[PDB]
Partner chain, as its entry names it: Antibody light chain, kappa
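Below, in structure tokens: the form deposited without its partner chain, a single chain.
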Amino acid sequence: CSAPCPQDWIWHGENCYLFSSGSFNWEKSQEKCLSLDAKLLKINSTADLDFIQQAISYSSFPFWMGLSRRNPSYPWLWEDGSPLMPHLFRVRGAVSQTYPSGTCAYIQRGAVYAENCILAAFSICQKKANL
């Protein structure tokens, strides 16, 4: 018998969620989730979105999620190469631009926005809960 999640994480449904300790570019944030046996946030449902917004409701920080694209001719995809399911959210912000290191999505103050991947943000990591 092990706890579903380590101390300091939030257990929700099948997963465990953690806010990153620091603010880094998307690539570094991805590496830091991987080091914790985790991945960047993947939103599969509006229930997941509502859970995350309630968890970040007290923060004004931007948090990277695992969604990115090279440029606007590419669809948004999660780190695992799966697609963004429809009717979850509309990515706002910098959606028409091409950045040398791609465009990445973050959640901030109740909405999802596109940004240049080289800029810094906090991030949310997630991993499967031990059930």
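Positions refer to the first chain, counted from 1.
Another form exists, deposited with its partner chain bound; not displayed. Remarks below refer to it.
J.: Out of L77, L34, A94, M85, which one falls within 4.5 Å of its partner chain in the deposited complex, going by heavy atoms?
T.: Spelling it out, the residue with a heavy atom inside the cut-off is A94.
J.: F61: heavy atom within 4.5 Å of its partner chain in the deposited complex?
T.: Yes, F61 sits close enough to its partner chain in the deposited complex that at least one of its heavy atoms falls within 4.5 Å.
J.: Could you list which residues of 107 to 131 come within 4.5 Å of its partner chain in the deposited complex, counting heavy atoms only?
T.: Heavy-atom contacts to its partner chain in the deposited complex: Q108, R109, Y113, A120.
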